[PDB]
Amino acid sequence: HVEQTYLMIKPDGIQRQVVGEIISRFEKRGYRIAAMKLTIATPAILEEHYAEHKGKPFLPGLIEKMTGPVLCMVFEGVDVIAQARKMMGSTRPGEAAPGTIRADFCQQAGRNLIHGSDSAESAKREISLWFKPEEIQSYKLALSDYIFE
Amino acid sequence: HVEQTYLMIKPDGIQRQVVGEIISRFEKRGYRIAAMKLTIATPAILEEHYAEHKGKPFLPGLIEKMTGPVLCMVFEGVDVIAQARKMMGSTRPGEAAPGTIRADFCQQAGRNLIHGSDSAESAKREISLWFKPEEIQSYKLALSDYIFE
Amino acid sequence: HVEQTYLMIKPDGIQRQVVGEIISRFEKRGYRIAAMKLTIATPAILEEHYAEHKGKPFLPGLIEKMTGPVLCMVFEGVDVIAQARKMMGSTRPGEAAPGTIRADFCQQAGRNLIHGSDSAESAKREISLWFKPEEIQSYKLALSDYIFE
Ligand SMILES: Nc1ccn([C@@H]2O[C@H](COP(=O)(O)OP(=O)(O)OP(=O)(O)O)[C@@H](O)[C@H]2O)c(=O)n1
Ligand SMILES: Nc1ccn([C@@H]2O[C@H](COP(=O)(O)OP(=O)(O)OP(=O)(O)O)[C@@H](O)[C@H]2O)c(=O)n1
Ligand SMILES: Nc1ccn([C@@H]2O[C@H](COP(=O)(O)OP(=O)(O)OP(=O)(O)O)[C@@H](O)[C@H]2O)c(=O)n1
Ligand SMILES: [Mg+2]
Ligand SMILES: [Mg+2]
Ligand SMILES: [Mg+2]
C-alpha cells in the first residue's frame, strides 16, 4: 500500500539552484514522481496553503518569502507522507538531524527550502490546491519488484 | 585492533545498480576491502546463512527474495562489525536513521539492500560460509598512518 | 545575527585529500568563508591551541599527530559554532551520528579529520591565535536573501 504526499520546493530551493539535488534524494528511495510543475506562488494561493496560520503575526512575512518560483511535486511510496517529513527534518534547521534536507542545506526556519504535507488530510488538501487532476500521472516504476517487498 | 565483517549486497542492490555507491560509503571511512566476490545466491547456501531464522514465518520469502545475484564482501576496520551495522541502519528503512544506507535508499524491510554480520561470532561464521581462506586478501592501506591512531 | 567559528582541517584531512569535500559540506548550508589559510602547524602554536589540555598525558601525542599541514578556516553563519560542532560529530567517530563528518570519514578519535571551536569564547580565542585581523575578509553572500530569514 502506497500513499502520495505534496512536496514543494520553496523559492530558496529554486534560487540556490538545488532543485535536482532535492529531487534526487526522493528518487534514491524509489519514490515515484506522480506530479511535477513549476509555478510562481502568489499571495492568494499561499493564503489557502497556509490557512491554518490565518491571522497570525508571522504569516505576512511567510507569504512574502514564499512569493516566488516554486516546484510543486507529488511523490508516491510506502509511508511517504511521514517519511518525507523525516527526510526534510525539523522546521528549524538547527534542530534537524544530520542527513536531513534542512540540516544539510539550511540555517533558519524562514528559509528552510522545502514543504511537505504533515498528514494524510493535508496531503489531499494540498494536492487539490496546487494541482489539477490531469497533472497527477499514473504509471508503474519498472524497478518495483526490487523496491517493494 | 581491527576486525573483519561480512557484508553482502542483496539482489536489490545489484538490480538498482548502486553497488559502487555502497562500496564507496565503506571506503570513505578507510575500511579495507579484504575480499569481494559476485555470485548468485541459492537456497541451500541462504538456508545456512540465515540459519538463526530457521522456522520463522518470514524465512521462505526471505530466501526467495535473496535468490539472485549478490556481492559478497569482507571489510576490515576498527570496530567494523558494529560500525557497519550502524551505517546500514535499522532493518526497517522507515525506522533507520537519516544518513544510513537503508534510510537513504530503501522503503521496506524485505528490500533493504544489504546484509551485515551482527556479531564477532556471526562474522567469523559468515566469512567462512561464503569465502574460502585463499580468497581473503591481506595488504596494508597506504594511508594507514592517517586512518588509525 | 551571525557568528564566526574556527574550523581546522587536520593533517589526516589534507593527506586523505578530502579538503574540498569538507569545505563543500559547510558551503552547502550557506556558511560564508571568512578566512582560509594552509600552514604547517608547529608544536608552539599547537601548545597554545590545546592549552586546555596542558599537563595531561595525551597532549604530547596529540601535538605530534597535529604537527603537519593544516587548513585554517573561519566560517560565518547563524549559530555556526554549535552547528559546525553538530556537523563534525562526536570526538570518537564510532559514537558520532550518521551523516556527520567524523562518522562518514573516520574510525578513531586520534584521526578525526577536523577541529572546530566549541564555544563563543574558544572561537574568539582560536580565530585570533591562527589569524591576524587583516586576514579576516568581510563580504556579503549574494544569496543572503534566500539563506537568512
Ligand atoms: N515562527 C515561525 C513559524 C514558521 N515559519 C515558517 O513557516 C512554515 C510553516 O510553519 P510550520 O507548518 O509550523 O512548519 P513546516 O510544516 O515545517 O513548514 P512547511 O509547511 O512550509 O513545510 C515553516 O516551514 C517555516 O519556514 C517561520 O518562519 N517562523
Ligand atoms: N519480519 C521480517 C524480518 C526480516 N526481514 C528480512 O529478513 C532479513 C534478515 O532479518 P534480520 O536478521 O532480523 O534483520 P537484519 O539483520 O537487519 O537483516 P540482514 O541480516 O540481512 O542484515 C532482514 O534484513 C529483512 O530483509 C523481513 O523482510 N521481515
Ligand atoms: N582521549 C583522547 C583525547 C582527545 N583525543 C584527540 O584530541 C583532540 C582534542 O580533544 P577534545 O577537545 O576533547 O575533542 P574535540 O573537541 O572533539 O577535538 P577538537 O578540539 O580537535 O575538535 C580530539 O579531537 C582527538 O583527536 C584523543 O585522541 N583521545
Ligand atoms: Mg506544515
Ligand atoms: Mg541479521
Ligand atoms: Mg576540543
Side-chain angles (χ1 to χ4, degrees), chain A residues 8-22 24-25 28-29 40-41 46 50 53 56-71 86-115, chain C residues 2-5 7 21-34 75-106 112-114 116-120 140-149:
Chain A
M8 179 171 53
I9 303 180
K10 304 182 165 175
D12 49 328
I14 306 305
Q15 288 283 6
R16 299 174 65 199
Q17 303 223 262
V18 295
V19 167
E21 282 195 76
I22 292 167
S24 288
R25 288 199 181 207
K28 193 175 208 66
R29 295 186 70 176
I40 291 173
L46 293 165
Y50 287 129
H53 310 305
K56 303 180 184 172
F58 69 99
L59 186 62
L62 171 57
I63 291 181
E64 275 174 52
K65 297 188 188 308
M66 284 294 302
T67 304
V70 296
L71 194 70
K86 179 176 176 181
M87 296 166 72
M88 288 176 28
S90 309
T91 307
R92 289 149 279 281
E95 293 167 15
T100 64
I101 291 168
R102 287 164 178 172
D104 287 350
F105 288 93
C106 299
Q107 294 187 45
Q108 305 191 280
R111 290 299 197 188
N112 65 1
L113 218 71
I114 185 167
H115 160 91
Chain C
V2 297
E3 59 190 19
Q4 295 193 347
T5 194
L7 291 158
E21 287 192 71
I22 293 169
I23 291 164
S24 290
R25 290 199 179 207
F26 297 106
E27 284 184 297
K28 195 178 205 68
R29 294 186 74 173
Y31 294 145
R32 185 177 70 83
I33 305 167
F75 276 91
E76 177 181 278
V78 173
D79 193 38
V80 71
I81 296 170
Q83 289 297 308
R85 291 288 284 193
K86 180 171 177 179
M87 293 164 77
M88 284 172 42
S90 313
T91 306
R92 298 172 156 187
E95 298 177 347
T100 63
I101 293 166
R102 288 168 176 176
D104 290 344
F105 287 91
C106 301
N112 64 3
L113 220 73
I114 185 166
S117 306
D118 61 14
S119 74
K140 173 177 167 162
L141 287 173
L143 283 167
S144 285
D145 290 341
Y146 294 97
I147 295 163
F148 306 110
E149 61 192 15

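Labels below follow one simple rule: chain letters A, B, ... track the order of the sequence lines, proteins then strands, and each chain is numbered from 1.
A heavy-atom distance below 4.5 Å is not found between the side chains of C:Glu149 and C:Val78. C:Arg29 is listed as a side-chain neighbour of A:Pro93, based on a closest heavy-atom distance under 4.5 Å.
Here A:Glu21 is the residue among A:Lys10, A:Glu21, A:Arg102 with the most heavy-atom pairs under 4.5 Å with chain C. Each of C:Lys86, C:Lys28, C:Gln83, C:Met87 has some count of heavy-atom pairs under 4.5 Å with chain A, and the biggest count is that of C:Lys28.
For A:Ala109, the parts lying near chain C are the backbone and the side chain together; criterion is any non-hydrogen pair under 4.5 Å. Residue contact with chain C, scored on non-hydrogen atoms closer than 4.5 Å, involves the backbone of A:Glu95 exclusively. Proximity to chain A is limited to the side chain of C:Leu143, based on heavy atoms less than 4.5 angstrom apart.
A salt bridge links A:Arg25 to A:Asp104: at least one charged side-chain nitrogen sits closer than 4.0 Å to a carboxylate oxygen.
Considering every non-hydrogen atom in both C:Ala120 and C:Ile81, the closest pair reads CA-CD1, 3.7 Å.
A:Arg16 places no side-chain N or O within 3.5 Å of a backbone atom of C:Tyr146 that could act as its donor or acceptor partner.
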